[PDB]
Amino acid sequence: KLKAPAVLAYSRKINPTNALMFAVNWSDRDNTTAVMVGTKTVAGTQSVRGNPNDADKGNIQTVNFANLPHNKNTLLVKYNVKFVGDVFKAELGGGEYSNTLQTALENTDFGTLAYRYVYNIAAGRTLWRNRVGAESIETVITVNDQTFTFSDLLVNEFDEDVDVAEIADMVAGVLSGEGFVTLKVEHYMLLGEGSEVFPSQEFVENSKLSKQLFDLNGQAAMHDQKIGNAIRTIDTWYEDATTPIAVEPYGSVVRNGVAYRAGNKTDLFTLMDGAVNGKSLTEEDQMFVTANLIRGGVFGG
Amino acid sequence: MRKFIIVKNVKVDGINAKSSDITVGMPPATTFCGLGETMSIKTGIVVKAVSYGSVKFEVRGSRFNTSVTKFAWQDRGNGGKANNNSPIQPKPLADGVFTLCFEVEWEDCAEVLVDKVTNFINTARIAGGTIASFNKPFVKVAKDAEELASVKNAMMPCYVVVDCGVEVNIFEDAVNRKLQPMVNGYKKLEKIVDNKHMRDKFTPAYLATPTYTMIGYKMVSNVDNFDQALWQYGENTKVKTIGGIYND
Amino acid sequence: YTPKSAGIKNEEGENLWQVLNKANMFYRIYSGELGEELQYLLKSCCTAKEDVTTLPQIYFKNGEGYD
DNA sequence: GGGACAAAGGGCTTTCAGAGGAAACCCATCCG
DNA sequence: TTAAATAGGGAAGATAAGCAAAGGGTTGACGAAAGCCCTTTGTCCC
């Protein structure tokens with residue numbers, strides 16, 4: 001039957017860094033200034049569903065904000081991404097299960113996955129709600145001493161492009177066994193003067209502040225997990241629900257509370273131990289399994 | 001309650017922590033009373049009472065199952081099998097730093113006593129341990145009960161043993177009253193007839209078992225009467241304190 | 001104490017140390033509540049045996065003198 | 001040379017017996 | 001290189017959701033009280 005081992009894990013093949021935010025002009029994008037956070041205190045009312053008796057009371061809260069200065073009208077978000085190869089190599093265990101899975105795999109097409117990974121960065125899905133309120137977004141990508149500029153719209157419904165292909169082919173070769181490649185990504189926006197930015201929030205227990213924002217030495221930044229989550233939102237290989245989501249086992253979004261790829265014979269683990277046990281997978285199943293194996297995770301039990 | 005001599009911060013290593021079959025830790029007041037008697041007989045100076053305080057103490061090992069010391073072949077009955085790991089016969093050890101107060105009756109001078117005490121301490125033992133270092137002794141003079149507080153406070157800092165007495169027995173009192181037992185004397189069972197293997201052929205010999213009493217540990221500055229913190233030999237082979245049962 | 005502590009166990013399996021110390025039959029026999037047949041034989045075993053080799057020996061003050 | 005006793009030493013040894021059990025305490029002052 | 005003289009009252013501090021699974025925890029050495037036999041030494045007898 002060749003059951004999965006008790007302990008079996010894989011490493012992460014796409015490494016993003018913490019993005020940093022700067023305030024620059026649209027025509028003077030050379031000199032950069034950092035964005036601080038600060039703290040403010042606000043007053044308001046109490047509007048809680050099911051508590052109407054305290055509707056005439058006040059409310060005092062302490063929050064953290066972040067916004068552009070009144071003389072700068074462009075937000076620059078910069079980060080680095082690293083792609084590494086040597087996929088289908090189990091970090092823990094695997095002498096026959098991993099080899100059988102690799103033999104059943106690696107016949108798929110890495111070109112589409114490499115194209116979509118680069119497109120999610122070029123179109124500008126990596127930067128979150130900071131997108132709204134902007135009329136022009138410009139992306140600069142540097143790799144192997146070769147600069148590329150993008151102004152691509154329509155982040156959904158991945159379309160054909162010329163400059164994206166000549167980086168996608170480079171990434172695809174590295175994915176199926178090579179060393180490493182590195183991309184430097186910069187994003188410029190036209191939010192305006194004095195507009196508000198949205199750095200990543202952080203989990204905190206009971207404290208004085210009601211909302212604090214992630215920062216590095218006082219400068220607003222973004223979590224690398226959040227950056228990497230938007231890159232792998234390429235799962236368009238299930239029955240319904242277009243505008244795809246991220247690739248995860250039992251592909252689900254906790255924000256909406258719905259779990260796609262539920263117990264209806266389309267899961268990561270069912271396909272993994274069905275591929276090695278005789279029957280192979282389809283093209284979409286192979287791309288899903290390979291894409292989810294590029295993502296980390298532990299499988300076993 | 002006239003002349004006292006203080007020796008503080010005395011470091012002793014390898015103290016025999018086993019005082020009886022059920023008490024492991026601090027030596028009982030009998031050990032210090034015997035040390036005082038040995039000092040009196042060897043030096044020629046009458047010593048009335050002894051007081052001891054525990055600055056530091058630690059039994060070698062862990063919370064439970066203290067330790068085992070390796071043994072060696074030293075008897076004349078072997079030679080063939082005396083080559084591998086002689087039996088155990090367990091004997092625990094500990095390390096501690098103490099402070100001692102001695103009641104002395106001597107009026108010839110003031111500085112000769114310090115020298116005569118320092119001479120004896122350099123070659124003495126505490127429950128089988130070896131003395132590493134100690135401070136220079138000093139003498140305090142008490143004329144009445146009110147200034148006894150000063151000589152008491154001269155012993156800072158340490159924890160002194162006070163006597164609280166036994167109610168029923170040590171086993172029930174320890175669980176209920178939350179105190180620790182201690183050996184205060186020996187009870188004779190039956191006389192030794194054959195005097196061949198004994199260390200002395202003139203002193204009468206007896207078989208004795210320890211008698212247990214419950215004690216407590218108190219800070220020096222919190223002692224009400226200093227006479228409750230001094231121990232001396234009593235009647236019927238017992239060691240008792242001047243102040244009797246300690247009461248707050 | 002008996003050499004090698006061998007003895008013979010009961011049908012359920014008990015030695016004398018467990019039997020006499022289970023529910024205080026020792027005092028039930030020492031007093032003589034079970035008769036005078038099991039009273040003399042048990043008391044015959046209560047004999048002293050002196051042995052001082054490898055034992056501690058300490059001097060204690062007893063009035064004027066030492067013991 | 002043979003018999004008995006004791007001591008010392010070694011070895012042939014070897015005889016003898018046997019599964020409970022659960023967890024971090026005591027305690028704040030003299031002296032320069 | 002200054003004397004004194006006081007330093008505000010009132011209201012009020014949000015809510016909801018969730019904290020992962022799998023694998024392993026070492027071995028060796030620390031006996032007393034005899035039974036028998038042999039050898040040696042020493043004493044005594046024949």
# chains A, B, ... in the order shown; residues from 1 in each chain; ligands from 1

$ closest_atom_pairs --of "chain E" --to "chain A" --cutoff "10 Å" --atoms "only C-alpha atoms (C1' of nucleotides)" --output "Markdown table"
| residue | atom | partner | partner_atom | distance |
| --- | --- | --- | --- | --- |
| E:11 | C1' | A:58 | CA | 7.9 |
| E:12 | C1' | A:58 | CA | 4.8 |
| E:13 | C1' | A:60 | CA | 4.8 |
| E:14 | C1' | A:46 | CA | 6.2 |
| E:15 | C1' | A:48 | CA | 6.0 |
| E:17 | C1' | A:254 | CA | 9.1 |
| E:18 | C1' | A:254 | CA | 9.1 |
| E:21 | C1' | A:301 | CA | 7.4 |
| E:22 | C1' | A:7 | CA | 5.1 |
| E:23 | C1' | A:7 | CA | 6.4 |

$ write_last_selection --atoms "N, CA, C and O atoms (P, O5', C5', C4', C3', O3' and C1' of nucleotides)" --output "CSV table (one decimal), in the first residue's frame"
chain,number,residue,atom,x,y,z
E,11,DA,P,-18.5,62.1,37.3
E,11,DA,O5',-18.7,61.5,35.8
E,11,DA,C5',-19.9,61.4,35.2
E,11,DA,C4',-19.7,61.4,33.7
E,11,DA,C3',-18.8,60.3,33.2
E,11,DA,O3',-19.6,59.1,33.0
E,11,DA,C1',-18.4,62.4,32.0
E,12,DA,P,-19.1,57.7,33.7
E,12,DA,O5',-19.3,56.6,32.6
E,12,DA,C5',-19.0,56.9,31.2
E,12,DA,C4',-17.9,55.9,30.7
E,12,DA,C3',-16.7,55.8,31.6
E,12,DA,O3',-15.9,54.7,31.1
E,12,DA,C1',-16.2,57.2,29.8
E,13,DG,P,-16.2,53.2,31.5
E,13,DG,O5',-15.6,52.3,30.4
E,13,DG,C5',-16.0,52.5,29.0
E,13,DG,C4',-14.8,52.5,28.1
E,13,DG,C3',-13.8,51.4,28.3
E,13,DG,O3',-13.3,50.9,27.1
E,13,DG,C1',-12.7,53.5,28.5
E,14,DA,P,-13.0,49.3,26.9
E,14,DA,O5',-14.1,48.9,25.8
E,14,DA,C5',-15.5,49.0,26.1
E,14,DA,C4',-16.3,48.3,25.0
E,14,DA,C3',-15.8,46.9,24.7
E,14,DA,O3',-16.5,45.9,25.5
E,14,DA,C1',-16.1,48.1,22.7
E,15,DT,P,-15.9,44.5,25.7
E,15,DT,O5',-16.4,43.6,24.4
E,15,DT,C5',-17.8,43.5,24.2
E,15,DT,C4',-18.1,43.2,22.8
E,15,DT,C3',-17.4,41.9,22.3
E,15,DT,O3',-18.1,40.8,22.6
E,15,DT,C1',-17.3,43.7,20.7
E,17,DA,P,-16.8,34.5,20.0
E,17,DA,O5',-15.8,33.9,18.8
E,17,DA,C5',-16.4,33.4,17.6
E,17,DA,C4',-15.2,33.1,16.6
E,17,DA,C3',-14.0,32.4,17.2
E,17,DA,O3',-14.2,31.0,17.1
E,17,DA,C1',-13.3,34.3,15.9
E,18,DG,P,-14.0,30.1,18.5
E,18,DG,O5',-12.5,29.6,18.3
E,18,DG,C5',-12.1,28.7,17.3
E,18,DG,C4',-10.7,29.0,16.8
E,18,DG,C3',-9.6,28.7,17.8
E,18,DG,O3',-9.2,27.3,17.7
E,18,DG,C1',-9.2,30.8,16.6
E,21,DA,P,-2.3,18.8,18.5
E,21,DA,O5',-1.7,17.8,17.4
E,21,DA,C5',-2.5,17.1,16.5
E,21,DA,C4',-1.7,16.6,15.3
E,21,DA,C3',-0.6,15.7,15.7
E,21,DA,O3',-1.0,14.4,15.8
E,21,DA,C1',0.1,17.3,14.1
E,22,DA,P,-0.3,13.4,16.9
E,22,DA,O5',1.0,12.9,16.2
E,22,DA,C5',1.0,12.2,15.0
E,22,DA,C4',2.4,12.0,14.5
E,22,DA,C3',3.4,11.5,15.5
E,22,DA,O3',3.4,10.1,15.6
E,22,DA,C1',4.3,13.3,14.1
E,23,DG,P,3.7,9.4,17.0
E,23,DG,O5',5.3,9.3,17.0
E,23,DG,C5',6.0,8.5,16.0
E,23,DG,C4',7.5,8.8,16.0
E,23,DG,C3',8.0,8.7,17.4
E,23,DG,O3',8.3,7.4,17.8
E,23,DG,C1',8.9,10.6,16.2

$ residues_around --residues "residue 45 of chain E" --least-positions-apart "4" --cutoff "12 Å" --atoms "only C-alpha atoms (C1' of nucleotides)" --output "PyMOL selection string"
chain D and resi 2-4

$ interface_residues --of "chain B" --to "chain C" --cutoff "12 Å" --atoms "only C-alpha atoms" --output "PyMOL selection string"
chain B and resi 19-20+30-31+33-38+41+75+89+127+184-209+232-239

$ residues_around --residues "residue 39 of chain A" --least-positions-apart "6" --cutoff "9 Å" --atoms "only C-alpha atoms (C1' of nucleotides)" --output "ChimeraX atom specification"
/A:62-66,209,212

$ residues_around --residues "segment 14-20 of chain D" --least-positions-apart "5" --cutoff "8 Å" --atoms "only C-alpha atoms (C1' of nucleotides)" --output "number ranges by chain"
C: 4-6

$ residues_around --residues "residue 103 of chain B" --least-positions-apart "6" --cutoff "12 Å" --atoms "only C-alpha atoms (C1' of nucleotides)" --output "JSON, numbers by chain"
{"B": [1, 2, 3, 4, 5, 6, 7, 33, 36, 37, 39, 40, 45, 46, 47, 48, 49, 50, 51, 52, 139, 140, 141, 142, 151, 152, 227, 229, 230, 231, 232]}

$ select_by_dssp --residues "segment 53-110 of chain B" --states "strand (DSSP E)" --output "number ranges by chain"
B: 53-59, 93-104

$ write_last_selection --atoms "C-alpha atoms" --output "PDB file, in the first residue's frame"
ATOM      1  CA  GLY B  53      23.841  29.075  63.870  1.00  0.00           C
ATOM      2  CA  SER B  54      23.524  27.889  60.284  1.00  0.00           C
ATOM      3  CA  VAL B  55      24.761  30.409  57.716  1.00  0.00           C
ATOM      4  CA  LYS B  56      24.792  27.970  54.788  1.00  0.00           C
ATOM      5  CA  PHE B  57      24.049  24.270  54.419  1.00  0.00           C
ATOM      6  CA  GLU B  58      23.573  21.876  51.509  1.00  0.00           C
ATOM      7  CA  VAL B  59      23.353  18.086  51.363  1.00  0.00           C
ATOM      8  CA  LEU B  93      27.913  13.889  53.231  1.00  0.00           C
ATOM      9  CA  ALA B  94      27.078  17.592  53.170  1.00  0.00           C
ATOM     10  CA  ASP B  95      28.741  21.010  53.112  1.00  0.00           C
ATOM     11  CA  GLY B  96      27.953  23.918  55.408  1.00  0.00           C
ATOM     12  CA  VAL B  97      29.105  27.201  56.912  1.00  0.00           C
ATOM     13  CA  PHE B  98      28.246  27.875  60.559  1.00  0.00           C
ATOM     14  CA  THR B  99      28.763  30.390  63.364  1.00  0.00           C
ATOM     15  CA  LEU B 100      29.584  29.460  66.964  1.00  0.00           C
ATOM     16  CA  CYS B 101      29.211  31.185  70.329  1.00  0.00           C
ATOM     17  CA  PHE B 102      30.942  29.810  73.424  1.00  0.00           C
ATOM     18  CA  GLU B 103      30.233  30.759  77.038  1.00  0.00           C
ATOM     19  CA  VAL B 104      33.614  30.956  78.772  1.00  0.00           C
TER      20      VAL B 104
END

$ select_by_dssp --residues "chain C" --states "helix (DSSP H, G or I)" --output "list in words"
residues 3, 4, 5, 16, 17, 18, 19, 20, 25, 26, 27, 28, 29, 30, 37, 38, 39, 40, 41, 42, 43 and 44 of chain C

$ write_last_selection --atoms "C-alpha atoms" --output "CSV table (one decimal), in the first residue's frame"
chain,number,residue,atom,x,y,z
C,3,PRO,CA,20.1,-16.5,58.0
C,4,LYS,CA,19.5,-15.6,54.3
C,5,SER,CA,15.8,-14.7,55.3
C,16,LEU,CA,6.3,-14.0,59.9
C,17,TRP,CA,7.2,-10.3,59.5
C,18,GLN,CA,4.1,-9.6,57.6
C,19,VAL,CA,1.9,-12.0,59.7
C,20,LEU,CA,2.8,-10.6,63.1
C,25,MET,CA,-1.5,-10.1,66.5
C,26,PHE,CA,2.0,-9.7,68.1
C,27,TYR,CA,0.4,-7.9,71.1
C,28,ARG,CA,-2.5,-10.4,70.9
C,29,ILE,CA,0.0,-13.2,71.4
C,30,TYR,CA,2.6,-11.5,73.7
C,37,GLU,CA,1.2,-22.5,74.1
C,38,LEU,CA,2.2,-19.8,71.6
C,39,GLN,CA,3.3,-17.5,74.4
C,40,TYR,CA,6.4,-19.3,75.8
C,41,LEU,CA,7.8,-20.3,72.4
C,42,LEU,CA,7.7,-16.7,71.1
C,43,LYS,CA,9.2,-15.4,74.3
C,44,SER,CA,12.0,-17.9,74.0

$ closest_residue --among "E:31, E:25, E:8, E:42" --to "chain B" --atoms "only C-alpha atoms (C1' of nucleotides)"
E:31

$ atom_distance --atom1 "atom CA of residue 142 of chain A" --atom2 "atom CA of residue 124 of chain A"
15.1 Å

$ residues_around --residues "segment 171-178 of chain B" --least-positions-apart "2" --cutoff "12 Å" --atoms "only C-alpha atoms (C1' of nucleotides)" --output "VMD selection string"
(chain B and resid 22 to 23 164 to 169 180 to 182 212 to 217) or (chain D and resid 25 to 26)

$ write_last_selection --atoms "N, CA and C atoms (P, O5', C5', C4', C3', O3' and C1' of nucleotides)" --output "mmCIF file, in the first residue's frame"
data_model
loop_
_atom_site.group_PDB
_atom_site.id
_atom_site.type_symbol
_atom_site.label_atom_id
_atom_site.label_comp_id
_atom_site.auth_asym_id
_atom_site.auth_seq_id
_atom_site.Cartn_x
_atom_site.Cartn_y
_atom_site.Cartn_z
ATOM 1 N N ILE B 22 16.897 8.315 60.894
ATOM 2 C CA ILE B 22 15.782 9.047 60.308
ATOM 3 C C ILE B 22 16.062 10.533 60.168
ATOM 4 N N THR B 23 17.214 11.014 60.632
ATOM 5 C CA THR B 23 17.561 12.431 60.561
ATOM 6 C C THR B 23 18.811 12.584 59.704
ATOM 7 N N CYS B 164 11.240 23.585 71.118
ATOM 8 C CA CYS B 164 9.801 23.743 71.264
ATOM 9 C C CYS B 164 9.139 22.578 71.984
ATOM 10 N N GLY B 165 9.856 21.488 72.224
ATOM 11 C CA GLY B 165 9.306 20.354 72.934
ATOM 12 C C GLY B 165 8.479 19.447 72.039
ATOM 13 N N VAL B 166 8.161 18.273 72.575
ATOM 14 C CA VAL B 166 7.375 17.274 71.859
ATOM 15 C C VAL B 166 6.004 17.170 72.518
ATOM 16 N N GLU B 167 4.963 17.018 71.699
ATOM 17 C CA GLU B 167 3.607 16.898 72.226
ATOM 18 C C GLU B 167 3.210 15.435 72.397
ATOM 19 N N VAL B 168 3.222 14.672 71.304
ATOM 20 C CA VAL B 168 2.920 13.246 71.352
ATOM 21 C C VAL B 168 4.147 12.470 70.893
ATOM 22 N N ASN B 169 4.546 12.685 69.644
ATOM 23 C CA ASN B 169 5.749 12.085 69.081
ATOM 24 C C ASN B 169 6.150 12.905 67.861
ATOM 25 N N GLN B 180 10.750 20.261 62.769
ATOM 26 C CA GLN B 180 11.711 19.226 62.428
ATOM 27 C C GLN B 180 12.272 18.585 63.691
ATOM 28 N N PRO B 181 12.414 17.264 63.729
ATOM 29 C CA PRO B 181 12.945 16.605 64.929
ATOM 30 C C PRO B 181 14.441 16.835 65.079
ATOM 31 N N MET B 182 14.944 16.479 66.260
ATOM 32 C CA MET B 182 16.363 16.587 66.561
ATOM 33 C C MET B 182 16.693 15.663 67.723
ATOM 34 N N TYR B 212 14.316 11.754 70.661
ATOM 35 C CA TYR B 212 13.988 12.779 69.685
ATOM 36 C C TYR B 212 13.157 13.889 70.316
ATOM 37 N N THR B 213 13.493 15.121 69.941
ATOM 38 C CA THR B 213 12.730 16.298 70.325
ATOM 39 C C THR B 213 12.606 17.196 69.103
ATOM 40 N N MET B 214 11.573 18.031 69.103
ATOM 41 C CA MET B 214 11.261 18.881 67.963
ATOM 42 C C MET B 214 11.811 20.280 68.196
ATOM 43 N N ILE B 215 12.421 20.850 67.155
ATOM 44 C CA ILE B 215 13.118 22.124 67.246
ATOM 45 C C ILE B 215 12.584 23.066 66.175
ATOM 46 N N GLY B 216 13.058 24.308 66.231
ATOM 47 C CA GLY B 216 12.708 25.302 65.234
ATOM 48 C C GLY B 216 13.898 26.185 64.935
ATOM 49 N N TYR B 217 13.845 26.835 63.776
ATOM 50 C CA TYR B 217 14.908 27.722 63.322
ATOM 51 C C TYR B 217 14.404 29.157 63.352
ATOM 52 P P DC D 25 7.586 23.043 48.048
ATOM 53 O "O5'" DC D 25 8.482 23.249 49.356
ATOM 54 C "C5'" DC D 25 7.862 23.477 50.618
ATOM 55 C "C4'" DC D 25 8.878 23.960 51.637
ATOM 56 C "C3'" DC D 25 8.294 24.747 52.794
ATOM 57 O "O3'" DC D 25 9.192 24.733 53.897
ATOM 58 C "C1'" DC D 25 9.396 26.213 51.275
ATOM 59 P P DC D 26 8.687 25.175 55.357
ATOM 60 O "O5'" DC D 26 9.431 26.566 55.618
ATOM 61 C "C5'" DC D 26 10.845 26.596 55.773
ATOM 62 C "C4'" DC D 26 11.361 28.024 55.764
ATOM 63 C "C3'" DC D 26 10.716 28.954 56.797
ATOM 64 O "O3'" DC D 26 11.723 29.692 57.481
ATOM 65 C "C1'" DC D 26 10.564 29.905 54.631
#

$ atom_distance --atom1 "atom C1' of residue 13 of chain D" --atom2 "atom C1' of residue 36 of chain E"
9.2 Å

$ residues_around --residues "residue 145 of chain A" --least-positions-apart "6" --cutoff "12 Å" --atoms "only C-alpha atoms (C1' of nucleotides)" --output "list in words"
residues 181, 182, 183 and 184 of chain A

$ closest_residue --among "B:42, B:218, B:70, B:18" --to "chain D" --atoms "only C-alpha atoms (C1' of nucleotides)"
B:218

$ decode --residues "segment 17-50 of chain C" --atoms "C-alpha atoms" --output "PDB file, in the first residue's frame"
ATOM      1  CA  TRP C  17       7.237 -10.279  59.550  1.00  0.00           C
ATOM      2  CA  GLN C  18       4.056  -9.642  57.563  1.00  0.00           C
ATOM      3  CA  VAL C  19       1.890 -11.969  59.681  1.00  0.00           C
ATOM      4  CA  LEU C  20       2.800 -10.559  63.103  1.00  0.00           C
ATOM      5  CA  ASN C  21       2.749  -6.931  61.879  1.00  0.00           C
ATOM      6  CA  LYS C  22      -0.497  -7.029  59.869  1.00  0.00           C
ATOM      7  CA  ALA C  23      -3.250  -6.289  62.420  1.00  0.00           C
ATOM      8  CA  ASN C  24      -1.375  -6.373  65.742  1.00  0.00           C
ATOM      9  CA  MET C  25      -1.457 -10.094  66.466  1.00  0.00           C
ATOM     10  CA  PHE C  26       1.951  -9.654  68.124  1.00  0.00           C
ATOM     11  CA  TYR C  27       0.367  -7.946  71.135  1.00  0.00           C
ATOM     12  CA  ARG C  28      -2.525 -10.428  70.881  1.00  0.00           C
ATOM     13  CA  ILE C  29       0.043 -13.217  71.412  1.00  0.00           C
ATOM     14  CA  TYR C  30       2.578 -11.511  73.697  1.00  0.00           C
ATOM     15  CA  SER C  31      -0.132 -10.758  76.270  1.00  0.00           C
ATOM     16  CA  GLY C  32      -1.413 -14.330  75.996  1.00  0.00           C
ATOM     17  CA  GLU C  33      -4.895 -13.950  74.524  1.00  0.00           C
ATOM     18  CA  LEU C  34      -4.262 -16.940  72.216  1.00  0.00           C
ATOM     19  CA  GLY C  35      -3.175 -19.247  75.047  1.00  0.00           C
ATOM     20  CA  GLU C  36       0.002 -20.203  76.874  1.00  0.00           C
ATOM     21  CA  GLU C  37       1.214 -22.533  74.096  1.00  0.00           C
ATOM     22  CA  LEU C  38       2.188 -19.809  71.594  1.00  0.00           C
ATOM     23  CA  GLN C  39       3.346 -17.492  74.406  1.00  0.00           C
ATOM     24  CA  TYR C  40       6.377 -19.334  75.812  1.00  0.00           C
ATOM     25  CA  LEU C  41       7.800 -20.301  72.409  1.00  0.00           C
ATOM     26  CA  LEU C  42       7.677 -16.735  71.063  1.00  0.00           C
ATOM     27  CA  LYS C  43       9.230 -15.357  74.263  1.00  0.00           C
ATOM     28  CA  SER C  44      12.029 -17.936  73.983  1.00  0.00           C
ATOM     29  CA  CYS C  45      13.296 -16.154  70.851  1.00  0.00           C
ATOM     30  CA  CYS C  46      13.704 -12.791  72.641  1.00  0.00           C
ATOM     31  CA  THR C  47      17.360 -13.206  73.582  1.00  0.00           C
ATOM     32  CA  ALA C  48      20.091 -10.575  73.497  1.00  0.00           C
ATOM     33  CA  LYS C  49      23.166 -10.817  71.274  1.00  0.00           C
ATOM     34  CA  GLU C  50      26.131  -8.503  71.832  1.00  0.00           C
TER      35      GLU C  50
END
